[PDB]
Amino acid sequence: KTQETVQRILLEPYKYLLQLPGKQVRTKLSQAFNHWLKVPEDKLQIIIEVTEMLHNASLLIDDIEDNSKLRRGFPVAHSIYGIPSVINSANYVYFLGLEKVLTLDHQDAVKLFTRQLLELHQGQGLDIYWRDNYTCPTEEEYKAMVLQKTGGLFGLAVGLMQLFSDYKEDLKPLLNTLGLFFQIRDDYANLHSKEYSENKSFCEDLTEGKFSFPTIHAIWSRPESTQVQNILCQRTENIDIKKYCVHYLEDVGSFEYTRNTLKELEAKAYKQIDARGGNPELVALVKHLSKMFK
């Protein structure tokens, strides 16, 4: 009882994040991949749970590292329970996720767990490095980073599923395109949506001072102006300053450029699904997510 109550007190920040939207995409994603994997439901429930645990845990930590205010329209967990509480709680879930990952009875599972998490930390580390050392990455550099940030859990889930699946053709190429698709879509939405209130508040990325795909464009597209770089350094919440930044980004074509990149990423993804036999479920998701641009 004391143990179960003491645990309960510690998992509260995680319980809060469970109320946020997102499981739908995670659930649909797993189903889409199983059209190829045909993996036992018994193991999947574990892998599904493990993925949800590690994913939400990373988002709890990410909100702290990004000084974000809103997530999926909800206050971020550390806005309520406090940063020291959420840090320990999220880290508790990491090793709770290993405990569940220790039940797949596959000797190669723990290896994939460790590898995928270290890969995830590499990406987040680089994003935090560039932002907090005021060094804008190049378009190529940014893309490389997300492939480790997104690729960490994408490969963790898909990989653990493949451990008990007879499908064995390489799925890393498609996962990378999707990882790009999600983050760049995330970047486009965080700055192009006004009061849609889909996930975060108005241009929360500018207040974080982070380098997202649109801002990265304007920085290199227009090396004759240092406006964006200076505005990001301010890490300000001033709406007028943020509104100016967005107008400039449109004027330099950063938003139009991002849309075409997102539009291009969708096309490549379609081919990758088709080259693996086709995935009516996975193909459908992309079309739904593609409603954001144009």
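Counting begins at 1, following the sequence as shown.
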*Mean C-alpha B-factor higher for 193-201, or for 82-90?*
193-201
*Pick between 230-238 and 32-40: the one whose mean CA B-factor in the entry is higher.*
32-40
*For the C-alpha B-factor as written in the entry, point me to the maximum among 133, 124, 165, 215.*
165
*residue 141, C-alpha B-factor rank within chain (lowest, middle or highest third)*: lowest
_Chain thirds of CA B-factor: placement of residue 185_ = middle
*Chain third (lowest, middle, highest) by recorded CA B-factor, residue given as residue 258*: middle
*Split the chain's modelled residues into thirds by Cα B-factor; is residue 68 in the lowest, middle or highest one?*
lowest
*For residue 106, does the deposited CA B-factor place it in the lowest, middle or highest third of the chain?*
highest
